[PDB]
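Colleague: For reference, the structure I am asking about is given below.
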Amino acid sequence: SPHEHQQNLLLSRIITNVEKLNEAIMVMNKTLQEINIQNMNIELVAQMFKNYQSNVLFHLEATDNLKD
Amino acid sequence: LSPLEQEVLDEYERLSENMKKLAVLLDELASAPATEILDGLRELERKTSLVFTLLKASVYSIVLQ
């Protein structure tokens with residue numbers, strides 16, 4: 001019985017920490033979701049310069065390349 | 001008539017001289033750069049494609065993929 005009271009009280013502070021933790025995590029995921037939208041643009045441009053480098057390399061190798 | 005002679009002679013002399021200048025100048029002016037122009041321009045195609053045509057390539061590749 002007294003042990004149970006102690007356990008219930010510790011469980012109460014536990015549950016409060018649980019809810020606070022998860023609320024912060026909700027904010028975390030929400031933040032990342034909003035961020036995500038501001039990343040696809042950059043990703044596209046990254047792949048654009050990537051394939052640019054790839055294709056220009058292939059063509060330079062085709063012509064008189066001037067590498068090492 | 002000596003005045004008529006002088007007129008037609010001098011005038012046609014100028015015309016013949018100018019036509020010789022025309023032939024030489026026109027031929028060199030329009031022959032010499034022409035080869036240089038097309039050579040540099042075929043090379044220009046080979047170069048400009050590596051900035052613009054590849055831009056179209058990358059754009060098509062990304063938009064399609």
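Ordering of the structure tokens sets the chain letters (A, B, ...); residue numbers start at 1 within each chain; ligands are numbered from 1 in the order shown.
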Please produce, as a Markdown table, a per-residue contact table for chain B versus chain A (criterion: any atom at most 12 Å away, only C-alpha atoms considered), showing the nearest atom pair and its distance in Å to one decimal, sorted by chain then residue number.
Modeller:
| residue | atom | partner | partner_atom | distance |
| --- | --- | --- | --- | --- |
| B:43 | CA | A:63 | CA | 10.7 |
| B:46 | CA | A:63 | CA | 8.5 |
| B:47 | CA | A:60 | CA | 9.6 |
| B:48 | CA | A:56 | CA | 11.2 |
| B:49 | CA | A:56 | CA | 9.2 |
| B:50 | CA | A:56 | CA | 6.0 |
| B:51 | CA | A:56 | CA | 8.1 |
| B:52 | CA | A:52 | CA | 10.2 |
| B:53 | CA | A:56 | CA | 9.9 |
| B:54 | CA | A:52 | CA | 6.5 |
| B:55 | CA | A:52 | CA | 6.9 |
| B:56 | CA | A:52 | CA | 9.7 |
| B:57 | CA | A:52 | CA | 8.1 |
| B:58 | CA | A:51 | CA | 5.9 |
| B:59 | CA | A:48 | CA | 7.1 |
| B:60 | CA | A:48 | CA | 10.0 |
| B:61 | CA | A:51 | CA | 8.2 |
| B:62 | CA | A:48 | CA | 6.9 |
| B:63 | CA | A:44 | CA | 9.4 |
| B:65 | CA | A:47 | CA | 10.9 |
Colleague: I'd like the interatomic distance between atom CA of residue 28 of chain A and atom CA of residue 46 of chain A, to a tenth of an Å.
Modeller: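 Pair atom CA of residue 28 of chain A / atom CA of residue 46 of chain A returns 25.9 Å.
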Colleague: Please compute the atom CA of residue 27 of chain A-atom CA of residue 15 of chain A distance, one decimal, in Å.
Modeller: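 Separation between atom CA of residue 27 of chain A and atom CA of residue 15 of chain A: 18.4 Å.
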